[PDB]
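In the form deposited in one PDB entry, a lone chain appears below as structure tokens.
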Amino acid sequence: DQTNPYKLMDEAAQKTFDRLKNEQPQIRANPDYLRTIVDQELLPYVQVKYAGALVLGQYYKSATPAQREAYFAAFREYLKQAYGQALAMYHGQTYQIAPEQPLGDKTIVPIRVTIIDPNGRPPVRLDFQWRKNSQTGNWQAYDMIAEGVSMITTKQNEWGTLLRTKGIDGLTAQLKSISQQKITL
């Protein structure tokens, strides 16, 4: 049900976390496989262009069609790497998802997923950020903030300077560069 981000979050967590739980041998043999799991289970619920547009800010409008295309393709690769690296710590832990609350007229909704430690250590909080398309009523995720670390605003200052000194092509090259870093465990 696309008009309720709590239902979508539940389903997306179920698919993503079950696959990370059940394919640990493959992940241990090649941690970059995490990109594939992220790509296939989680990114269908993520509005990749919306997230990319937030990072790009004022530089979007003046960018050329080719520059835009290259930027968005690099950004999507970066998201696979980032979500992959952030979820590498998940290997089958129990998790709890914040319960459904009134949506009212809201168009942005954060939803906390808590990863429970099996030994009673403190939990790890993943705050997924959901946005509504007000024309269609449908929701998609655009960020996941992992104990305060955002996939898109954490590097805002460095990416701001890079855009200002080298434009969108500078940032695209940097996103590509980051996406080629080996995921580690």
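All residue numbers refer to positions in the sequence shown, first residue = 1. Heads up, when I say rigid core I mean the largest set of C-alphas that superpose within 1.5 Å between the two forms.
Relative to one another, 24 to 32 and 38 to 46 have unequal mean CA B-factors, and 24 to 32 is the one with the higher figure. The deposited CA B-factor of residue 161 belongs to the highest third of values across its chain.
Ranked within its chain, residue 16 lands in the lowest third, by CA B factor from the PDB record. In this PDB entry, residue 149 carries a Cα temperature factor that places it within the middle third of its chain's modelled residues. Compared with the other modelled residues of the chain, the Cα B-factor recorded for residue 131 ranks in the lowest third. Sort the modelled residues of the chain by CA B factor and residue 91 lands in the highest third.
The form deposited in another entry exists for this protein as well; it is not shown, and the discussion that follows is about that form.
Comparing the two forms between this form and the one not shown on the rigid core, the single residue of 65, 148, 44, 57 with a CA shift of 2 Å or greater is 148.
Core-superposed comparison between this form and the one not shown: the CA of residue 32 stays below a 2 Å shift.
For residue 74, the Cα coordinates differ by under 2 angstroms between this form and the one not shown after the core has been superposed. A movement of the C-alpha atom of residue 123 reaching 2 angstroms or beyond is seen between this form and the one not shown when the two forms are aligned on their rigid core.
Expansion of the residue 151-residue 25 CA spacing by 3 Å or more is recorded in that other deposited form, set against this form.
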